[PDB]
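Have a look at protein-v9.tsv below; it lists TSV, C-alpha atoms and all ligand atoms.
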chain	number	residue	atom	x	y	z
J	7	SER	CA	-82.09	-134.24	46.13
J	8	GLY	CA	-82.91	-135.59	42.66
J	9	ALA	CA	-83.60	-134.61	39.08
J	10	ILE	CA	-85.53	-135.57	35.92
J	11	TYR	CA	-83.28	-136.35	32.91
J	12	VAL	CA	-85.33	-136.01	29.68
J	13	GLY	CA	-83.65	-135.44	26.30
J	14	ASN	CA	-80.80	-132.96	26.83
J	15	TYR	CA	-82.52	-131.38	29.87
J	16	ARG	CA	-82.02	-131.71	33.65
J	17	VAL	CA	-85.06	-130.63	35.74
J	18	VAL	CA	-84.32	-129.82	39.41
J	19	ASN	CA	-85.87	-127.90	42.31
J	20	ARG	CA	-84.79	-124.25	41.77
J	21	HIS	CA	-83.75	-124.06	45.44
J	22	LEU	CA	-81.30	-127.01	44.95
J	23	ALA	CA	-79.80	-125.85	41.61
J	24	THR	CA	-75.96	-125.98	41.38
J	25	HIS	CA	-73.58	-123.39	39.85
J	26	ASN	CA	-73.28	-125.67	36.80
J	27	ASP	CA	-77.10	-125.58	36.47
J	28	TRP	CA	-77.17	-121.74	36.55
J	29	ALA	CA	-74.19	-121.60	34.07
J	30	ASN	CA	-76.13	-123.87	31.59
J	31	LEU	CA	-79.59	-122.45	32.23
J	32	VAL	CA	-82.56	-123.11	29.95
J	33	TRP	CA	-85.51	-121.87	32.12
J	34	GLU	CA	-86.32	-121.09	35.75
J	35	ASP	CA	-89.44	-120.08	37.68
J	36	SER	CA	-89.28	-119.23	41.38
J	37	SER	CA	-93.11	-119.33	41.76
J	38	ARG	CA	-93.01	-123.03	40.70
J	39	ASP	CA	-89.67	-123.99	42.44
J	40	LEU	CA	-88.36	-125.29	39.09
J	41	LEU	CA	-85.12	-124.87	37.11
J	42	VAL	CA	-84.03	-126.62	33.89
J	43	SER	CA	-80.43	-126.80	32.66
J	44	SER	CA	-78.90	-128.33	29.52
J	45	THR	CA	-76.95	-131.63	29.52
J	46	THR	CA	-74.30	-133.17	27.27
J	47	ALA	CA	-75.69	-136.74	27.62
J	48	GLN	CA	-79.26	-137.78	26.67
J	49	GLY	CA	-81.52	-138.82	29.52
J	50	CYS	CA	-83.93	-141.75	29.84
J	51	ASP	CA	-86.94	-140.31	31.66
J	52	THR	CA	-90.20	-139.73	29.68
J	53	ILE	CA	-92.68	-137.00	30.73
J	54	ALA	CA	-96.34	-137.96	31.34
J	55	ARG	CA	-98.87	-136.04	29.19
J	56	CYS	CA	-102.12	-136.83	31.05
J	57	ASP	CA	-104.52	-135.86	33.85
J	58	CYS	CA	-103.71	-138.76	36.28
J	59	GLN	CA	-104.40	-138.02	39.98
J	60	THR	CA	-102.85	-141.28	41.29
J	61	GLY	CA	-99.20	-142.31	41.03
J	62	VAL	CA	-96.06	-143.32	42.96
J	63	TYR	CA	-93.32	-141.10	44.44
J	64	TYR	CA	-89.81	-141.74	45.77
J	65	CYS	CA	-89.17	-140.78	49.43
J	66	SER	CA	-85.40	-140.69	50.19
J	67	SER	CA	-85.99	-140.37	53.95
J	68	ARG	CA	-87.62	-143.82	53.87
J	69	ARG	CA	-85.74	-145.39	50.86
J	70	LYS	CA	-89.21	-146.27	49.57
J	71	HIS	CA	-91.64	-145.58	46.73
J	72	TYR	CA	-95.21	-144.88	47.93
J	73	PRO	CA	-98.46	-144.96	45.98
J	74	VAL	CA	-100.40	-141.71	46.42
J	75	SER	CA	-103.54	-139.81	45.37
J	76	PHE	CA	-102.68	-136.17	44.61
J	77	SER	CA	-104.58	-132.95	43.88
J	78	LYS	CA	-104.69	-131.17	40.51
J	79	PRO	CA	-101.91	-128.53	39.97
J	80	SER	CA	-102.99	-125.43	41.89
J	81	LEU	CA	-101.86	-122.22	43.64
J	82	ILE	CA	-101.16	-123.36	47.25
J	83	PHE	CA	-99.85	-121.43	50.32
J	84	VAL	CA	-96.54	-122.89	51.46
J	85	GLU	CA	-95.03	-122.02	54.86
J	86	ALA	CA	-91.68	-120.22	55.17
J	87	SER	CA	-88.63	-122.43	54.85
J	88	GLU	CA	-84.82	-122.03	54.63
J	89	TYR	CA	-85.24	-121.32	50.86
J	90	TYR	CA	-88.41	-119.22	50.47
J	91	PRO	CA	-90.59	-116.93	52.63
J	92	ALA	CA	-94.26	-118.01	53.20
J	93	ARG	CA	-95.86	-117.55	49.79
J	94	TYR	CA	-98.13	-119.03	47.18
J	95	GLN	CA	-96.46	-121.64	44.98
J	96	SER	CA	-98.06	-122.33	41.60
J	97	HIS	CA	-98.58	-125.62	39.68
J	98	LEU	CA	-98.26	-127.54	43.01
J	99	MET	CA	-100.09	-130.83	43.78
J	100	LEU	CA	-100.57	-132.11	47.35
J	101	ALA	CA	-100.79	-135.66	48.70
J	102	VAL	CA	-100.76	-137.38	52.09
J	103	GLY	CA	-97.30	-138.82	52.51
J	104	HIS	CA	-94.08	-138.58	54.39
J	105	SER	CA	-91.64	-135.92	53.45
J	106	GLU	CA	-88.53	-134.12	54.93
J	107	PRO	CA	-86.65	-131.17	53.36
J	108	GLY	CA	-84.01	-133.39	51.64
J	109	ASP	CA	-86.78	-135.46	50.00
J	110	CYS	CA	-87.09	-132.60	47.38
J	111	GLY	CA	-86.17	-133.95	43.94
J	112	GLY	CA	-87.81	-137.34	44.32
J	113	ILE	CA	-89.88	-138.31	41.23
J	114	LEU	CA	-93.67	-138.68	41.19
J	115	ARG	CA	-94.73	-140.91	38.23
J	116	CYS	CA	-97.85	-142.49	36.78
J	117	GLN	CA	-98.49	-145.14	34.08
J	118	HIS	CA	-97.62	-142.48	31.39
J	119	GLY	CA	-94.25	-141.35	32.75
J	120	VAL	CA	-92.85	-138.64	35.08
J	121	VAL	CA	-95.48	-136.25	36.52
J	122	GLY	CA	-93.27	-134.00	38.70
J	123	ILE	CA	-90.82	-133.81	41.62
J	124	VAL	CA	-91.13	-133.43	45.39
J	125	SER	CA	-91.02	-129.69	46.24
J	126	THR	CA	-92.86	-129.08	49.61
J	127	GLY	CA	-94.09	-130.97	52.70
J	128	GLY	CA	-94.55	-131.34	56.42
J	129	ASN	CA	-96.95	-132.98	58.90
J	130	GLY	CA	-97.73	-135.98	56.78
J	131	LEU	CA	-98.23	-133.96	53.55
J	132	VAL	CA	-95.98	-133.98	50.47
J	133	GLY	CA	-96.23	-131.45	47.58
J	134	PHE	CA	-95.07	-132.01	44.02
J	135	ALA	CA	-94.10	-129.46	41.37
J	136	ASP	CA	-95.97	-130.51	38.19
J	137	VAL	CA	-94.05	-130.67	34.88
J	138	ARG	CA	-96.81	-132.13	32.60
J	139	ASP	CA	-97.63	-128.74	31.05
J	140	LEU	CA	-93.94	-128.09	29.97
J	141	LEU	CA	-94.39	-129.49	26.47
J	142	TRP	CA	-91.03	-128.13	25.26
J	143	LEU	CA	-89.22	-130.72	27.45
J	144	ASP	CA	-90.09	-133.28	24.67
J	145	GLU	CA	-88.32	-131.40	21.83
J	146	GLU	CA	-85.03	-129.63	20.64
J	201	LIG	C1	-90.35	-132.15	51.25
J	201	LIG	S1	-90.37	-130.39	51.58
J	201	LIG	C2	-90.59	-130.30	53.33
J	201	LIG	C3	-90.81	-131.44	54.11
J	201	LIG	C4	-90.93	-131.31	55.49
J	201	LIG	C5	-90.82	-130.08	56.09
J	201	LIG	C6	-90.61	-128.95	55.31
J	201	LIG	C7	-90.52	-129.04	53.93
J	201	LIG	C8	-90.51	-127.77	53.11
J	201	LIG	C9	-89.10	-127.33	52.71
J	201	LIG	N1	-89.07	-126.48	51.52
J	201	LIG	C10	-90.18	-126.41	50.56
J	201	LIG	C11	-89.52	-125.76	49.34
J	201	LIG	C12	-90.51	-124.91	48.56
J	201	LIG	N2	-90.86	-125.37	47.37
J	201	LIG	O1	-90.99	-123.87	49.04
J	201	LIG	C13	-88.39	-124.93	49.95
J	201	LIG	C14	-88.05	-125.66	51.22
J	201	LIG	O2	-87.05	-125.53	51.91
J	202	ZN	ZN	-100.71	-140.47	33.71

Reformat the file's structure so that it appears as structure tokens.
Ligand SMILES: CSc1ccccc1CCN1C[C@@H](C(N)=O)CC1=O
Ligand SMILES: [Zn+2]
Amino acid sequence: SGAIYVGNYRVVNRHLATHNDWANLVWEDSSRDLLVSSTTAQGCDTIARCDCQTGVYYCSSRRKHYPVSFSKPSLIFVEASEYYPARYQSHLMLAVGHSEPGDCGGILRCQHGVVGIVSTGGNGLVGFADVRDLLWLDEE
């Protein structure tokens, strides 16, 4: 689990969104595994606006932050899971790293701020849903 809190927005994995998230919905995209809801309190995270390919992510199944090299956001085939059939997920970046299903939501960050959140994985790979192109998260 986990979320990004920027401005009056909460960014979560679409497959982990709560009823309160759906009842306060701003935007959702199943192909990206992302959902954004509105919040009453202002958050403290800043979004990275860059092309970094190295950063650090939080892995809840290890209680550790790991430095990683990750691919550019792309259209990647993701195996069937409890939440989606086997399909292509867009704006996904892959890295070598430990992940388990409940690791979704962990933040990947670089020197500029938050880059995205854990969304996929298995067999020593971890995939992150990018948020750097969502410029509207910085305003309103
Ligand atoms: C850290 S994810 C992971 C790790 C180990 C094994 C399996 C997984 C993938 C689990 N997933 C991927 C999500 C998606 N974005 O399609 C939906 C879901 O249930
Ligand atoms: Zn950066």

List as a PyMOL selection string: which residues have an atom within 9 Å of (-105.3, -128.4, 37.4), counting only C-alpha atoms? chain J and resi 57+77-80+97+99

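Picture a line from CA of residue 59 in chain J to CA of residue 11 in chain J; it runs 22.3 Å.
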
Show me which residues line ligand LIG 201 (chain J), defined as having an atom within 9 Å of a ligand atom where only C-alpha atoms and all ligand atoms count, and present them as number ranges by chain. J: 19-22, 36-40, 65, 84-95, 98, 104-111, 124-135

Using all atoms listed in the file, find each residue with an atom at most 8 Å away from ligand ZN 202 (chain J) and format the answer as a count of residues only. 14

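Nearest residue to residue 72 in chain J among J:17, J:114, J:32, J:46 is J:114, counting only C-alpha atoms.
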
Just add N, CA and C atoms to range 94-114 of chain J and send it as a short mmCIF file (atom, residue, chain, number, x, y, z; two decimals), keeping the file's coordinate frame.
data_model
loop_
_atom_site.label_atom_id
_atom_site.label_comp_id
_atom_site.auth_asym_id
_atom_site.auth_seq_id
_atom_site.Cartn_x
_atom_site.Cartn_y
_atom_site.Cartn_z
N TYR J 94 -97.35 -118.12 47.98
CA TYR J 94 -98.13 -119.03 47.18
C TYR J 94 -97.22 -119.60 46.13
N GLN J 95 -97.23 -120.95 46.01
CA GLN J 95 -96.46 -121.64 44.98
C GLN J 95 -97.46 -122.15 43.94
N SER J 96 -97.15 -121.93 42.65
CA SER J 96 -98.06 -122.33 41.60
C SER J 96 -97.71 -123.72 41.04
N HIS J 97 -98.71 -124.32 40.34
CA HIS J 97 -98.58 -125.62 39.68
C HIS J 97 -98.12 -126.70 40.69
N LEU J 98 -98.61 -126.62 41.91
CA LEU J 98 -98.26 -127.54 43.01
C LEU J 98 -99.42 -128.52 43.24
N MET J 99 -99.08 -129.79 43.50
CA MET J 99 -100.09 -130.83 43.78
C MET J 99 -99.79 -131.39 45.17
N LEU J 100 -100.81 -131.60 46.01
CA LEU J 100 -100.57 -132.11 47.35
C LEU J 100 -101.07 -133.54 47.51
N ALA J 101 -100.39 -134.30 48.38
CA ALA J 101 -100.79 -135.66 48.70
C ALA J 101 -100.49 -135.89 50.19
N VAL J 102 -101.08 -136.94 50.76
CA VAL J 102 -100.76 -137.38 52.09
C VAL J 102 -99.59 -138.35 51.95
N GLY J 103 -98.50 -138.00 52.59
CA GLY J 103 -97.30 -138.82 52.51
C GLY J 103 -96.18 -138.19 53.29
N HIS J 104 -95.21 -139.05 53.67
CA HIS J 104 -94.08 -138.58 54.39
C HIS J 104 -93.12 -137.79 53.53
N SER J 105 -92.66 -136.68 54.05
CA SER J 105 -91.64 -135.92 53.45
C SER J 105 -90.86 -135.13 54.50
N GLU J 106 -89.54 -134.94 54.22
CA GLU J 106 -88.53 -134.12 54.93
C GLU J 106 -87.84 -133.22 53.92
N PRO J 107 -87.20 -132.14 54.35
CA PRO J 107 -86.65 -131.17 53.36
C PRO J 107 -85.77 -131.80 52.26
N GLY J 108 -84.88 -132.72 52.60
CA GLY J 108 -84.01 -133.39 51.64
C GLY J 108 -84.70 -134.38 50.72
N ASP J 109 -86.01 -134.64 50.94
CA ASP J 109 -86.78 -135.46 50.00
C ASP J 109 -87.07 -134.70 48.68
N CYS J 110 -86.85 -133.35 48.64
CA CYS J 110 -87.09 -132.60 47.38
C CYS J 110 -86.25 -133.20 46.25
N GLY J 111 -86.86 -133.38 45.08
CA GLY J 111 -86.17 -133.95 43.94
C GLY J 111 -86.64 -135.35 43.60
N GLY J 112 -87.30 -136.00 44.57
CA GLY J 112 -87.81 -137.34 44.32
C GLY J 112 -88.88 -137.30 43.22
N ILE J 113 -88.91 -138.32 42.33
CA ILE J 113 -89.88 -138.31 41.23
C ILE J 113 -91.24 -138.83 41.63
N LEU J 114 -92.32 -138.15 41.16
CA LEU J 114 -93.67 -138.68 41.19
C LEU J 114 -93.95 -139.15 39.73
#
